[PDB]
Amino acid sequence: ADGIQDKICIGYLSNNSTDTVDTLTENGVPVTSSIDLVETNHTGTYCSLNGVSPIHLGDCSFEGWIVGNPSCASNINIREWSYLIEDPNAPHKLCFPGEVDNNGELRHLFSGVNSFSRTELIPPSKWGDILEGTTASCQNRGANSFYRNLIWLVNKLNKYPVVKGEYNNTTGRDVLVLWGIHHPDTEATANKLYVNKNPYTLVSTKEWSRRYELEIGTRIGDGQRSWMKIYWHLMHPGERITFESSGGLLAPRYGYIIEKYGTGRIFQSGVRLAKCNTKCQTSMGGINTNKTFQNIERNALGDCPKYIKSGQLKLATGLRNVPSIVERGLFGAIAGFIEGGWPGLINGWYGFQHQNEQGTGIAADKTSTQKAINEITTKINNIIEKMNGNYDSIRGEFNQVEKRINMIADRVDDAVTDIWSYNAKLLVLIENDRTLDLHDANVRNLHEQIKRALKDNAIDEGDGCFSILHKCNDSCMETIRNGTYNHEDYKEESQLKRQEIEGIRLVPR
């Protein structure tokens, strides 16, 4: 074949790429590397959350558990929980027919509590010459009993003196106090249990006072015609609460001393509780990741990636080194192998390819490729580390009659997810174009430094290569790659060669 000038090319060195990204302007762009911004894996189980175990309520509802239905696990030894797991259809709810007042708010406050201790508020003896009602509805191991937290005060010897009890919160923390009223199905039952005419109960702190009378009538709860209503109050430190009754009162025995609460979630049973720990629990499973987005489950609690409605989002890190870059004046070469291999993050080289009489080869330019790795590392770290806010669900606990406020809370969570989801999808598409164009600008900048060093000693072939107008052996090549080439040294030889080339004619003149 005809003789050819020695040649040096500046551009990309990499292997063949398989994995593509999308950019705002282009689809299915092959690049040498990328990262996934979205977490899709999870444990598929309920785990501890940041070292703190949840409580699985098993066969019991929250209400049954918190009031102390003796068919439920006692909470005498509980110290903390991160979240609760509850069976919507748990069999053991309130053992004796009744309801809990404001129980959506109570669920929300006990969804997680970081410091919890059950405490005896008032000893059973304080109420005086009374006895304690028990019921087959609320059995303890086959014996008739009652909620662990309350005392059903009833007549002794057919008398019911006025009873009184009080509790001062001296614990230095918040204390949950529970009490109730039993409403008889008949006047006969009321007369029998409580004796006194027009029984009343009066409960007060220095901030509020409530008075309760009996609401007589037949109800349709299972296993009883009468009915109980349960009430609660969270006392701040220094509060005082007093109870007085001539009949009806289900007296407070045990309360809960609680600190750092409302910090959990009531998740639904089904998914299994496993021995494991995660920094982000969702209803599908626990997530352990350094990714800042997840597309698994909107219902999430803890140190979480933001949920987004998205498929995977691949953030380009490497090079667009495909055959067609030549149409933009860029050079690239493909090679299964180099030496010291390819850099991890960008997979991985700006560099040179040469040809002279001694042969061919490729060589990386470490200094420029390092500035690129730094720029890419800086970009990725800024996108990731600046997302340092709070991204678990915006969510509350609500009961059956709180549909409006439940709906609006869930909508605001959805609206916040919509802003994040669009922003994430666009940032990635935009930044992918900017990263690919950044690699191009970098190699073009290297190409211009070479152009500048070669001056009139080389023809710019417009494809990222230079044809050198003198003999350029491996030592010459290495002076070009290492920035020490001096065009003066070869001026005589180069002007003679340029003259010779200028005179060649494809069709004879």
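Position 1 is the first residue in the sequence shown; the rest follow in order.
When the two stretches 198-206 and 282-290 are set side by side, the higher mean Cα temperature factor goes to 282-290. The PDB entry reports B-factors from which the mean C-alpha value can be compared for 93-101 and 270-278; the larger average falls on 270-278. Taking the PDB entry at face value, the top CA B factor among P343, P184, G180, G247 belongs to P343.
Ranking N69, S61, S467, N473 by the C-alpha B-factor listed in the PDB entry places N473 at the top. Among all modelled residues in this chain, the alpha-carbon of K164 has a temperature factor (C-alpha) in the middle third.
In this PDB entry, the Cα temperature factor of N442 sits in the middle third of its chain's modelled residues. The deposited CA B-factor of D19 belongs to the highest third of values across its chain. Among the modelled residues of its chain, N457 has a C-alpha B-factor that falls in the lowest third according to the deposited record. Annotation for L496: CA B-factor lies in the lowest third of the chain's modelled residues.
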